[PDB]
Amino acid sequence: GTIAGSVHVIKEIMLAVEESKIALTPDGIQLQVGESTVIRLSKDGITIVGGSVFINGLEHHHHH
Amino acid sequence: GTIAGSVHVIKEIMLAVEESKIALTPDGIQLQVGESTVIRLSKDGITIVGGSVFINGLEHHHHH
Amino acid sequence: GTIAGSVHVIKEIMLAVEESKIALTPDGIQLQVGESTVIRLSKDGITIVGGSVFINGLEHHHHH
């Protein structure tokens, strides 16, 4: 399905098309596609995760 | 021009101001400005490209 | 507060929930949360800054 919504009572903006979503809340911003591609922004920083992440042609590998 | 639109018949949300665009589809999310700055998110990962990309002050150079 | 708005006279789309904002203008796109987490996209490239930035589990440290 698809949802585009802005609500204040409880404060959220959501844009969604199936599994692709952008959400804004007082805690920050999340962009995601499916279950494992996610960019999250919060007051304290940013997390970027993806099965493959490429930045200007160079792959950023996983660290555990 | 400028466009902000949500459509389901065919499933897409688009936010555009001239050459700056964010689009959501069932395939993922794309953010772009002009023809060569792009962040794309898909089920399988993320690509980030820009003439200059800086992350926390450090430049990420191009790899071919 | 919360704001979701599209204006053309002067050309801007803004999505905001308290300190979390996404703005599109002819100059590009900015996503931010609070005062120091920011992703900016412009015709010339991309800047990503956050108190902590992690990409696929690896921290990207600050360079001055």
# chains A, B, ... in the order shown; residues from 1 in each chain; ligands from 1

$ residues_around --residues "residue 6 (chain A)" --least-positions-apart "3" --cutoff "9 Å" --atoms "only C-alpha atoms" --output "number ranges by chain"
A: 11-15; C: 2-4, 15

$ residues_around --residues "region 51-55 of chain B" --least-positions-apart "3" --cutoff "6 Å" --atoms "only C-alpha atoms" --output "CSV table (one decimal) with C-alpha atoms, in the first residue's frame"
chain,number,residue,atom,x,y,z
B,58,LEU,CA,36.9,13.6,5.4
B,59,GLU,CA,36.6,13.5,1.6
B,60,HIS,CA,35.6,10.3,0.0
C,44,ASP,CA,28.3,19.7,-6.4
C,45,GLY,CA,28.2,16.9,-3.8
C,46,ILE,CA,27.1,15.6,-0.4
C,47,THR,CA,28.1,16.4,3.1
C,48,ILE,CA,27.3,14.0,6.0
C,49,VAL,CA,28.0,15.0,9.6

$ select_by_dssp --residues "region 5-42 of chain C" --states "strand (DSSP E or B)" --output "PyMOL selection string"
chain C and resi 5-8+11-17+20-25+28-33+37-42

$ closest_residue --among "B:1, B:57, B:50, B:34" --to "chain A" --atoms "only C-alpha atoms"
B:50

$ closest_residue --among "C:25, C:42, C:30, C:20" --to "chain A" --atoms "only C-alpha atoms"
C:20

$ residues_around --residues "residue 26 (chain C)" --least-positions-apart "2" --cutoff "9 Å" --atoms "only C-alpha atoms" --output "list in words"
residues 17, 18, 19, 20 and 33 of chain B; 11, 12, 24, 28 and 29 of chain C

$ write_last_selection --atoms "N, CA and C atoms" --output "compact mmCIF listing (two decimals), in the first residue's frame"
# COMPACT_ATOMS: atom_id res chain seq x y z
N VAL B 17 11.59 20.03 -6.24
CA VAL B 17 11.72 21.45 -6.44
C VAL B 17 12.85 21.60 -7.48
N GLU B 18 12.53 22.11 -8.66
CA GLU B 18 13.48 22.09 -9.80
C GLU B 18 14.22 20.76 -9.90
N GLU B 19 15.55 20.80 -9.76
CA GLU B 19 16.38 19.60 -9.92
C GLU B 19 16.63 18.80 -8.65
N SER B 20 16.00 19.21 -7.55
CA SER B 20 16.12 18.47 -6.29
C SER B 20 14.88 17.61 -6.11
N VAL B 33 20.03 15.66 -6.61
CA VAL B 33 20.10 17.08 -6.91
C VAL B 33 20.92 17.20 -8.17
N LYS C 11 10.29 28.75 -3.73
CA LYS C 11 10.06 27.37 -4.19
C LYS C 11 10.68 26.47 -3.14
N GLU C 12 9.86 25.78 -2.37
CA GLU C 12 10.42 25.02 -1.27
C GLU C 12 9.44 23.95 -0.89
N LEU C 24 13.60 20.77 0.69
CA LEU C 24 14.05 20.76 -0.69
C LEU C 24 13.91 22.16 -1.25
N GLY C 28 19.15 22.45 -3.33
CA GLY C 28 19.38 21.04 -2.99
C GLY C 28 18.47 20.51 -1.91
N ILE C 29 18.97 19.55 -1.14
CA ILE C 29 18.17 18.87 -0.15
C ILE C 29 18.94 18.85 1.15
